[PDB]
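Here's the structure we're looking at; comments come further down.
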Ligand SMILES: CC/C=C/CC/C=C\C=C\CCC/C=C/CCC(=O)OC[C@@H](COP(=O)(O)OC[C@H](O)CO)OC(=O)/C=C/CCCCC/C=C/CC/C=C/CC
Ligand SMILES: CC/C=C/CC/C=C\C=C\CCC/C=C/CCC(=O)OC[C@@H](COP(=O)(O)OC[C@H](O)CO)OC(=O)/C=C/CCCCC/C=C/CC/C=C/CC
Ligand SMILES: CC/C=C/CC/C=C\C=C\CCC/C=C/CCC(=O)OC[C@H](COP(=O)(O)OC[C@@H](O)CO)OC(=O)/C=C/CCCCC/C=C/CC/C=C/CC
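Chains as they are written, first to last, in this note's numbering: chain A, 7 to 476; chain B, 7 to 476.
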């Protein structure tokens with residue numbers, strides 16, 4: 007039981023954080039009808055979590071080296087679980103935003119430690135390959151369970167949806183206490199000066215990006231915050247040259263395979279994030295399956311993805327990460343080509359929608375394990391901290407960049423085919439049909455980004471005896 | 007002057023075959039007004055040329071070994087030039103059909119000899135690379151010059167357009183005679199039984215594939231035509247086992263890098279053929295440029311292609327055919343993504359149409375040179391005949407296969423967007439707008455087929471020392 011209890015506990019924060027993201031999105035309209043927070047406050051509950059989760063990520067990367075990775079994992083999760091209760095008792099806009107702020111602080115501390123715990127706890131070999139599959143398995147499980155939970159326990163109250171994290175979170179705190187052993191190495195000094203500038207630079211950059219669309223791109227306060235971030239970013243690099251125990255080891259990023267792998271995960275995250283957002287919007291708006299029925303209909307995705315991850319964990323020892331990334335990428339290509347020809351409003355569920363989801367899930371799951379193992383290959387125990395923190399930063403940061411281009415193509419083609427921009431419930435059956443054909447057309451431009459991802463994967467060059475097979 | 011006159015004469019049949027093909031398509035509607043051979047006779051003049059050109063392709067490969075490579079190239083061109091004069095004096099469908107039949111026979115003899123002449127005449131190294139670029143360069147020149155000649159000298163008569171091949175064709179016979187030296191090796195016995203079975207199989211398959219859409223797929227004679235095609239093909243393989251100097255050396259095609267490099271050009275030719283048909287139809291119908299203006303507007307394509315071919319000849323000695331094929335093909339991906347977003351009816355010619363054509367021309371030209379050098383590498387002199395005939399047979403055969411799939415996607419999406427199937431001259435500006443967006447949508451599926459070509463190009467693995475640099 008020691009093995010299964012360890013992989014479940016380590017990947018728990020991936021289950022918790024991803025599930026919370028979808029439930030908060032689903033319950034947003036009912037928050038309007040109760041708190042009466044207006045349209046300006048609608049975005050302030052979402053970006054409040056993102057403000058601290060991305061701002062504190064680098065600080066939480068080096069936090070486990072000076073205190074302890076296991077202690078960091080329990081503390082970070084506990085603050086996440088406590089914050090959910092404070093989120094479900096919110097009475098005023100100030101109460102909710104502060105509750106969402108502290109969830110990001112709790113997530114930023116524990117999330118990078120989860121990836122680092124895979125490399126240190128499990129030795130290189132079949133154990134790490136099985137641990138990588140489980141770590142990637144429950145990220146998609148939380149997303150699907152988020153739709154089912156958020157689509158079922160929402161008509162009685164949005165407050166009960168946030169209270170489902172507590173039973174799940176308490177188990178992972180219990181499992182991590184009795185299934186993970188505290189390692190014994192001497193603690194190292196924290197880069198306090200480096201962490202101060204790194205935190206205030208990423209938080210300012212996210213604040214400027216969020217306030218842009220609201221107050222205008224050239225309001226005067228947005229540029230002022232960007233100037234502060236650019237001044238901090240310049241100073242942060244300067245100190246790191248002669249700073250012991252760097253937050254970011256720039257010397258570790260050379261012309262080696264590390265840049266190619268870290269550039270691939272930056273773009274591969276954007277392809278996956280944009281694919282999830284567009285498919286969920288297409289099913290809920292064009293097909294009208296709502297939250298509950300869409301989540302149950304995505305159950306085959308988890309089973310197919312679980313099949314792909316389990317198979318890829320066996321083949322990684324024999325095949326290089328280059329061929330498994332491409333091999334699973336071609337199964338993705340056939341899914342969205344078949345998912346473009348056979349999608350309009352009113353099609354049956356089994357002949358038309360089941361196959362693209364199942365086949366695409368196997369291809370996606372096949373290429374996740376080789377990419378994860380190569381990003382934590384040949385780094386060591388003193389430097390696995392910041393490397394894991396950077397890997398989760400680039401994976402999440404690439405999402406909005408790619409989706410911004412994809413959503414621009416969707417909007418442009420809607421106008422050309424004949425349509426309007428606005429809420430969907432106010433669109434007759436010619437502007438609605440144009441939006442149907444716009445999303446399907448934009449599914450092919452997602453494949454255009456996937457080709458770019460695969461082209462960068464040609465330069466990995468890792469052999470199977472380095473990433474695995476030890 | 008010896009070098010430039012030699013290579014021009016070698017690639018001369020490529021100029022003739024492509025340019026005559028385009029002119030025959032352009033002047034087809036005027037043949038209706040004069041010969042009055044009805045709809046059923048419209049497709050016979052196109053079918054008649056293809057029936058013998060593809061039917062006698064395999065015979066022409068081994069015909070140069072038993073007779074002479076230079077002598078075969080002269081008679082093949084001479085019969086082509088002669089048949090153009092008889093074509094332009096046609097006075098009934100029977101006279102025009104016979105002339106088109108004889109034009110294919112002359113082309114089937116000289117076309118495979120042109121590619122074989124590249125390998126034997128020029129020694130492997132810098133001389134072959136420069137000769138390869140000019141060989142591919144004049145294939146694209148003939149296509150554009152066919153539009154201008156057939157779009158300008160056709161308002162006076164369709165008979166004058168057919169007589170423009172004689173001044174050019176007579177020059178090619180002169181340059182070949184003066185600038186090509188007759189090699190001195192002993193002639194070999196021709197496989198009489200194999201040549202008879204090879205000829206009958208291809209014409210029967212072409213005849214069945216042509217009468218199918220006309221008379222019905224299960225009409226009764228198409229299955230009979232398919233019966234002799236299978237009977238000839240089955241006996242051809244049986245008798246080829248013990249046949250001296252085989253027509254098709256099956257033993258040469260093993261699990262080595264030759265089957266991969268022959269499957270790539272099978273589908274690369276289909277992508278390039280479907281790109282020309284779709285673009286030419288889109289420009290003439292949606293934009294209404296007619297034939298003369300379309301030919302002038304595609305002049306920058308040839309200039310851009312010439313730059314791509316010239317650069318690729320220098321780089322092929324330092325880079326393998328794998329990287330140049332994948333690297334050159336990414337420029338094609340960028341052009342067709344740009345050409346899908348910024349191309350509708352009524353756009354200016356400069357910013358929206360010239361840029362994708364110029365960039366796409368460079369990308370195509372960079373990938374053509376490595377593919378043909380790999381297709382004639384390391385075979386010898388006693389087997390360069392059949393191998394070059396197969397390379398031209400598969401390149402032409404892949405065209406209709408890929409285009410049939412693309413045209414099915416275009417027709418399916420036209421109906422969904424709102425529109426009908428029929429002549430463009432009866433549209434109510436609403437079905438015309440839908441046909442505009444259907445062609446643009448189908449441009450991305452051509453990119454999907456080009457991705458498959460890239461995938462097979464990863465298995466080439468030819469060293470630049472083997473295909474060049476000697
Ligand atoms: C090593 C460093 C880091 C490693 C750490 C990383 C470790 C592993 C991570 C891997 C990737 C992400 C995990 C997966 C998360 C989400 C996936 C999921 O399970 O979530 C369900 C849904 C989301 O939706 P959701 O966002 O909730 O929607 C709500 C709206 O926003 C408003 O309510 O996604 C999907 O089903 C995905 C479907 C793609 C399959 C391919 C189909 C192609 C053809 C389909 C045609 C249909 C027509 C579409 C026409 C466009
Ligand atoms: C070694 C083995 C063998 C080696 C032996 C062979 C050695 C090398 C041979 C390679 C392949 C063929 C060469 C090229 C031949 C044709 C190309 C050409 O020069 O011909 C011009 C025109 C043809 O037209 P044509 O067919 O005459 O038209 C008539 C109508 O059918 C009815 O009159 O094509 C083009 O301009 C091609 C443009 C492609 C550039 C990239 C475009 C991307 C953006 C597109 C946006 C536009 C919107 C499209 C929306 C869909
Ligand atoms: C095969 C097993 C099972 C099959 C089983 C078959 C059944 C179905 C299919 C299964 C999966 C397919 C396998 C995909 C394999 C691909 C990986 C690969 O085999 O790769 C080849 C080559 C080797 O490399 P090399 O190390 O020399 O050789 C060592 C090896 O031969 C062994 O040791 O990779 C390259 O170099 C790539 C060359 C292209 C140059 C890049 C330029 C274009 C991109 C520009 C910028 C990027 C994008 C930016 C913005 C767009």
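Just so you know, even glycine gets a beta-carbon here, dropped at the ideal spot from N, CA and C.
- When the Cα atoms are used, residue 106 (chain A) and residue 227 (chain A) turn out to be separated by approximately 24 angstroms.
- Proximity of chain A to residue 350 (chain B) at the Cβ level (cut-off 9 angstroms) is accounted for by 422, in chain order.
- Annotation for residue 366 (chain B): 338, 341 place their beta carbon closer than 6 angstroms to its own, counting only its chain and skipping 5 residues before and after.
- Using beta-carbon distances, residue 339 (chain A) counts as an interface residue toward chain B, with a partner under 8 angstroms.
- For residue 142 (chain A), the enclosing alpha helix (DSSP H) covers residues 132-158.
- With its beta carbon less than 8 angstroms from one in chain B, residue 461 (chain A) belongs to the interface.
- Listed along the chain, the chain B residues whose CB falls inside 9 angstroms of the CB of residue 344 (chain A) amount to none; the nearest CB is some 11 angstroms away.
- Taking all protein chains shown into account, residue 194 (chain B) has fewer than 16 neighbouring C-beta atoms within 10 Å of its C-beta and is therefore exposed.
- Exclusion of residue 224 (chain B) from the 7 angstroms shell around ligand 3 follows from its C-beta lying no nearer than that to any non-hydrogen atom of the ligand.
- The three-state secondary structure of residue 250 (chain A), taken from DSSP, is coil.
- In this structure, the alpha-carbon of residue 245 (chain A) lies about 14 angstroms from that of residue 205 (chain A).
- Counting along the chain, residue 26 (chain B) sits inside the alpha helix (DSSP H) bounded by residues 18-32.
- Placement of the Cβ of residue 141 (chain A) at a distance of less than 7 angstroms from at least one heavy atom of ligand 1 is found.
- Checking the 7 angstroms criterion, the Cβ of residue 290 (chain A) is within range of a heavy atom belonging to ligand 1.
- Residue-level contact by beta carbon fails for residue 64 (chain A) and chain B, as no gap is shorter than 8 angstroms.
- In this structure, residue 7 (chain A) keeps its C-beta atom at 8 angstroms or more from the C-beta atom of residue 80 (chain A).
- The three-state reading of DSSP puts residue 383 (chain B) in coil, since its state is none of H, G, I, E or B.
- Under the three-pair Cβ rule at 8 angstroms, the segment 423-442 of chain A does not count as touching the segment 297-307 of chain A.
- For residue 111 (chain A), the uninterrupted alpha helix (DSSP H) segment begins and ends at 99-127.
- For residue 230 (chain A), there are no C-beta contacts with chain B under 9 angstroms, since the nearest C-beta of that chain is about 35 angstroms from it.
- Within 7 angstroms of the CB of residue 450 (chain A), the CB atoms of chain B belong to 450, in sequence order along the chain.
- A Cβ of chain A is located within less than 8 angstroms of the beta carbon of residue 457 (chain B).
- Within 9 angstroms of the CB of residue 454 (chain B), the CB atoms of chain A belong to 339, 343, 450, 453, in sequence order along the chain.
- Taking 7 angstroms as the cut-off, the C-beta of residue 193 (chain B) does not count as close to any heavy atom of ligand 3.
- DSSP places residue 165 (chain A) within a helical segment (H, G or I) once states are collapsed to three.
- When secondary structure is reduced to three states using DSSP, residue 474 (chain A) falls in the coil class, being assigned neither helix nor strand.
- For the pair residue 139 (chain A) and residue 319 (chain A), the Cα-to-Cα distance works out to about 7 angstroms.
- It is roughly 42 angstroms from the alpha-carbon of residue 91 (chain A) to the alpha-carbon of residue 330 (chain A).
- Check the Cα spacing between residue 271 (chain B) and each of B:30, B:382, B:93: the tightest is with B:382.
- Closest in C-alpha terms to residue 469 (chain A), from the list A:424, A:325, A:273, comes A:325.
- The continuous stretches of alpha helix (DSSP H) do not include residue 431 (chain A), and DSSP gives it neither H nor E.
- Taking 7 angstroms as the cut-off, one finds no heavy atom of ligand 2 near enough to the beta carbon of residue 413 (chain B).
- In this structure, residue 235 (chain B) places its C-beta atom within 8 angstroms of the C-beta atom of residue 210 (chain B).
- Rounded to the nearest whole angstrom, the CA to CA distance from residue 322 (chain B) to residue 373 (chain B) is 10 angstroms.
- Under the 10 Å beta carbon count, residue 45 (chain A) is surrounded by fewer than 16 other beta carbons and is classified as exposed.
- Think of a sphere of 7 angstroms around the beta carbon of residue 447 (chain B): the chain A residues whose beta carbon falls inside it are 447, in chain order.
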